[PDB]
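In what follows, a structure is listed as structure tokens, so that the remarks can point back to it.
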Amino acid sequence: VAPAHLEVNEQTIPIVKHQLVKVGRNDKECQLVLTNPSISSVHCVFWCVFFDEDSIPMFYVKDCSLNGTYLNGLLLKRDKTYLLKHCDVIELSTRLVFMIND
């Protein structure tokens, strides 16, 4: 049971400590590979932070794409960190649902 995972709309992608989870078209670099030609090579990235091992983790997404990433229907500002909440929906310009287990 990973701290959190992405449901892809299938397969789930875990989000664990000390890992940058990359979503994109480049199978040489991304943990979740999406083949739509309007998805960037690395499109958006997911990670988590623990202050200590007893901390409740916090989870983040950041867009780094050409065409944009949407969070609950709202366009993200490119390169800016956004705090995630359980069941947030990430749509790539494909639906990813962010689920917290921790």
Side-chain angles (χ1 to χ4, degrees):
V1 177
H5 66 269
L6 300 170
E7 291 187 12
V8 184
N9 196 327
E10 304 80 329
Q11 197 51 58
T12 62
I13 310 301
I15 295 167
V16 300
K17 293 187 187 180
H18 298 127
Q19 204 211 3
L20 188 60
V21 177
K22 299 179 183 171
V23 185
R25 198 160 30 85
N26 186 179
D27 57 13
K28 296 196 170 133
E29 199 172 346
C30 294
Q31 284 62 52
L32 168 55
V33 178
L34 307 176
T35 62
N36 187 290
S38 78
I39 303 290
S40 290
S41 169
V42 177
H43 196 104
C44 63
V45 302
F46 290 86
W47 70 102
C48 72
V49 176
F50 288 74
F51 296 152
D52 57 73
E53 295 190 324
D54 289 22
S55 287
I56 304 169
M58 310 195 73
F59 299 88
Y60 303 95
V61 64
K62 173 171 71 189
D63 170 72
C64 46
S65 68
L66 173 65
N67 289 314
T69 302
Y70 297 80
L71 177 61
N72 299 321
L74 297 176
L75 183 59
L76 298 181
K77 190 171 183 183
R78 179 173 189 274
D79 294 324
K80 175 173 180 165
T81 296
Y82 288 83
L83 180 67
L84 293 166
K85 310 292 204 304
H86 181 58
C87 281
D88 276 352
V89 180
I90 300 96
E91 290 167 309
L92 275 52
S93 65
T94 306
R95 187 168 264 188
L96 312 173
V97 184
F98 167 76
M99 311 289 204
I100 293 176
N101 310 304
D102 268 24

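The analysis underlying the following values was restricted to heavy atoms, covering all of them including side chains, and did not include hydrogens, waters or symmetry mates. Throughout, numbering of the chain's residues begins at 1 and tracks the sequence.
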Over 12 foreign heavy atoms within 6.0 Å of CG, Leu83: yes
Intermediate values then yes/no, side chain to side chain contact (heavy atoms under 4.5 Å, CB included), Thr69 and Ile90: CA-CA 7 Å; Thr69 302; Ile90 300 96; 3.5 Å; yes
Non-hydrogen atoms of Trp47 and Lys62 that approach each other most closely: CZ3-CB, 3.8 Å
With sequence neighbours excluded, residues passing salt bridge (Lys or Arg N to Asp or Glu O under 4.0 Å) with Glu29: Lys22
Cluster link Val89 to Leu74, ILVMFWY, side chain under 4.5 Å: no
Nearest atoms (heavy-atom pairs only) where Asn26 meets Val33: O-CG2, 4.4 Å
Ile39 CD1 to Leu34 CG distance, which is reported to the nearest 0.5 Å: 5.5 Å
Nearest heavy atoms of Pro14 and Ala2, plus distance in Å: CB-CB, 3.6 Å
Output field: ring centroids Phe98/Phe59 closer than 6.0 Å: yes
Heavy-atom side-chain contact between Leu20 and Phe46 under 4.5 Å: no
Side-chain heavy atoms of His18 within contact of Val16, under 4.5 Å: no
Point-to-point distance, once rounded to the nearest 0.5 Å, from CE of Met58 to CG of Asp102: 13.0 Å
More than 12 heavy atoms from other groups under 6.0 Å of NZ on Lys77: no
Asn9 vs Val97 side-chain heavy atoms within contact, under 4.5 Å: no
Pair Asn67-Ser65, side-chain donor/acceptor within less than 3.5 Å: no
Closest non-hydrogen atom pair, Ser93 against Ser38: O-OG, 2.5 Å
Any side-chain heavy-atom pair of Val21 and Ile13 under 4.5 Å: yes
Value rounded to 0.5 Å, distance of CG in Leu6 from CD in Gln11: 11.5 Å
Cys30 and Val42: CA distance, side-chain angles, deciding distance, side chain to side chain contact (heavy atoms under 4.5 Å, CB included) verdict: CA-CA 7 Å; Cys30 294; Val42 177; 4.1 Å; yes
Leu32 CG to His43 NE2 distance, which is reported to the nearest 0.5 Å: 11.5 Å
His5 vs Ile15 side-chain heavy atoms within contact, under 4.5 Å: no
Joint cluster assignment, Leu92 & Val45, ILVMFWY side-chain distance < 4.5 Å: no
Distance, nearest 0.5 Å, that separates OH of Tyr60 from OG1 of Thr81: 8.0 Å
Nearest non-hydrogen partners of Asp63 and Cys44, listed with the distance: CA-CB, 4.1 Å
Residue pair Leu71 / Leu84, side-chain heavy-atom distance below 4.5 Å: yes
Note, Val23 side chain near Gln31 side chain (heavy atom, < 4.5 Å): no
Considering all heavy atoms, the nearest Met99-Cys87 contact: SD-SG, 3.9 Å
Neighbour count above 12 (heavy atom, 6.0 Å) for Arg78 CZ: yes
Residue pair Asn72 / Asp88, side-chain heavy-atom distance below 4.5 Å: yes
